[PDB]
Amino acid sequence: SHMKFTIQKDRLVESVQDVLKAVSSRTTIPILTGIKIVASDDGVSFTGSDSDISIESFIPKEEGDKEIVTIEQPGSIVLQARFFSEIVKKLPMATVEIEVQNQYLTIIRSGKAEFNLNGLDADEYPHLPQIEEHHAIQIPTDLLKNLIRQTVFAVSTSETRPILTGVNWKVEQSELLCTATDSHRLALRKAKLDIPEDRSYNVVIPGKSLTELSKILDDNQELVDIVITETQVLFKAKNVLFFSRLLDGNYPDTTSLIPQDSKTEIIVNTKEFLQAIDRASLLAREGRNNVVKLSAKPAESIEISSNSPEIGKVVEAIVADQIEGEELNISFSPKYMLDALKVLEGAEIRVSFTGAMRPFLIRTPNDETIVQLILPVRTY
């Protein structure tokens, strides 16, 4: 059984680049530096994995009304991922021939170019996670991508507390609550699901897994099937399977952290506020905490400021739409503020404070589905 097929370059390249995201250079299992190719009577699959994530991309032999693959001999092989990827991108013709010969030597031909790669026995490649493909949650691709974008940036990048490097996905009463935090700032996104109200899940998905999944999903409204087990999550979309290992442990309870009342409320043009916070962040120095100060007082006055000794300082006034409540002087990280503002989509934002030392909230007016929280910097 020596694998042999002819395929369209464009589709081959697309599948290889999708699975390449699951291949890590640093790997304790040597065969995981390869891509597994399996040609069957129905088409060809490509698999890449790093043990944490696995990506399987399938190319059907025929799609629409065009012949994409011609399989002369079904079979399988493992090829080194980086070399295979670099080769396929540069093949000269629209048609590519892939043929395994003896001792796993694999021929890749296109036009007058012929590559030979030292293949490996695909029976040595690890099997995909075996999961009961049941109780799938369905989410439109565009909503899934936005859920990820509005939360994943807030996970910790430290492996000190691994559970905080993932996004908590909690499903109860047909509602999904996605929470990400690094103990300094927090992002929460809520979404209604079309599932039985009795279904319950509480898992933590690595932020890296969700960022890579979003890179392989297109901007469309097709339903993604999500199967959650005790230790894995499977995302199925058209011609693709994306598996991720879940992080073990109990995610911390952050519901007490989100304030339900406020002392000061600001409504301000989003772009105006973002541009001013961005300007206030420009005199940041390495080996020094860059902090920005916000002063607010009814009815419409905001002063943004920062100082960097021996470099300079900045002050800027902004006119708010509305300011209600107590006068406030608060300091915070401009990076966290800018990260939150970047994921909010409205013309204006609502910022809700409870004095200078408690967490504050950033939201879109009249939208209860997204909440950004930032812990301020204590000043003395």
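A residue's number is simply how far along the shown sequence it sits, counting from 1.
Per the PDB record, is the mean Cα temperature factor higher over 129 to 137 or over 77 to 85?
Taking the mean B-factor of the alpha carbons in each, 129 to 137 is higher.
Quick one: higher average CA temperature factor, 241 to 249 or 181 to 189?
The stretch with the larger average C-alpha B-factor is 241 to 249.
Reading the B-factor column of the entry, which of 303, 114, 212, 159 has the highest value at its C-alpha atom?
Highest CA B-factor of the listed options: 114.
By the CA temperature factor listed in this entry, which of these ranks top: 274, 176, 71, 167?
Top of the list by C-alpha B-factor: 71.
Position of residue 297 among the chain's modelled residues by C-alpha B-factor, lowest, middle or highest third:
For residue 297, the deposited C-alpha B-factor lands in the middle third.
Classify residue 119 as lowest, middle or highest third according to the C-alpha B-factor given in the PDB entry, relative to its own chain.
Within its chain, residue 119 is a middle-third residue by C-alpha B-factor, going by the deposited values.
Residue 354: which third of its chain by C-alpha temperature factor?
For residue 354, the deposited C-alpha B-factor lands in the lowest third.
Taking the C-alpha B-factors as the PDB entry records them, is residue 66 in the lowest, middle or highest third of its chain?
Top third by C-alpha B-factor.
Ranked against its chain, the third holding the CA B-factor of residue 288:
Highest third of the chain for residue 288's C-alpha B-factor.
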